[PDB]
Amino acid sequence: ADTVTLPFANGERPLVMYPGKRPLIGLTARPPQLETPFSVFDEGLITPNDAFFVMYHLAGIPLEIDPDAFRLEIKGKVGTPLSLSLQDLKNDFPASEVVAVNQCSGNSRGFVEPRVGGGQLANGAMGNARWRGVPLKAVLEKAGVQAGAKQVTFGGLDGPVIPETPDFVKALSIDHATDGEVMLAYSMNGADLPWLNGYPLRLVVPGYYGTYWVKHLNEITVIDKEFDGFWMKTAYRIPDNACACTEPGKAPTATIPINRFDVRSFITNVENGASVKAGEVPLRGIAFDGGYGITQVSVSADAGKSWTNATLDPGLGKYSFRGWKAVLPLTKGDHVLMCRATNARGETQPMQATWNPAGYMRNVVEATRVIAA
């Protein structure tokens, strides 16, 4: 009455209930890491706040915050350092809004073969929301970025339990940070950020994996060198090649920081072994990428021997989940259903899964066996 089992080895997880949240898949308690049940993704294109997944690295998360006393510090290679209240952010800067997917680097890690260490997630470490806030570009322009600036670092209120453990700090290039899309979000789906989603303020980095989306964000530093903190230099590294992949069991020869999303798609209204009525079977699901636009979603009912073009729903924005619908004729019997998306720059999904040591960036064509009767 309070557990589920994810469809990979050692997949049992408690269903756990946190304040402001519906029951979610408990991965770890300290710090809290929570996965979204896959059924949620069939409930609508925008993931509700009460269902949105939660990931943290360090046990020392804030559990008391006075929104009035909170300040965002802007410092380093700027003309004028700033100390900004939430009221300053809401009043002194124009607001922007973006519907955007947040997805963990290791979303789907549990499906990687051979299995690799780390967060053993199914596909529920992703979610889509309407974020509202201040473009970072606007705040940095106010501070006055100096020539020679190379990167911006981002740090939050959370901290290591033991001071020698590397604090959670991430970095973006200056040109990225000032692009106008990178946002200082104070609102999620029209409400103050849920606590575990980074109340009162978080970075939103549309089209980039979630490690960059620093939560409880209070410290922004412009720097004139490449940041060499542990969580950029050592963690979150991908093979420096087109597939971001290596031969199973092999370490990459060169790496770079993880970056933009690859193309993904899911069928949401059916799961393994679902029953459907033989004849015209309606399928629906979602697709997303790093922001280039989903060009098409193709659907197969014969394990990829042939494809039917799905109709794409009206969009909510290039960074959002894109809905799609298809009606396929299914003969009586077993069918292996697949969907495969491509974007406007020709990125697509591989038919066979690739591998990397950290189990980041999985985007294989998803297969789902259904029974038509």
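All residue numbers are counted from 1 along the displayed sequence.
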item: Mean temperature factor over C-alpha atoms, higher-scoring stretch between 40-48 and 323-331; value: 323-331
item: Stretch exceeding the other in mean C-alpha B-factor - 185-193, 120-128; value: 185-193
item: Candidate residues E97, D158, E247, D175, the one whose C-alpha B factor the record puts highest; value: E247
item: Top residue by Cα temperature factor, when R115, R284, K215, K75 are compared in the entry; value: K75
item: Ranked C-alpha temperature factor of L84 among modelled chain residues, by third; value: middle
item: Chain-relative CA temperature factor third for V54; value: lowest
item: Where the record places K318 (Cα B-factor, split into thirds across the chain); value: lowest
item: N363 by Cα B-factor - lowest, middle or highest third of the modelled chain; value: middle
item: Third of the chain's Cα B-factor distribution that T153 belongs to, per the entry; value: middle
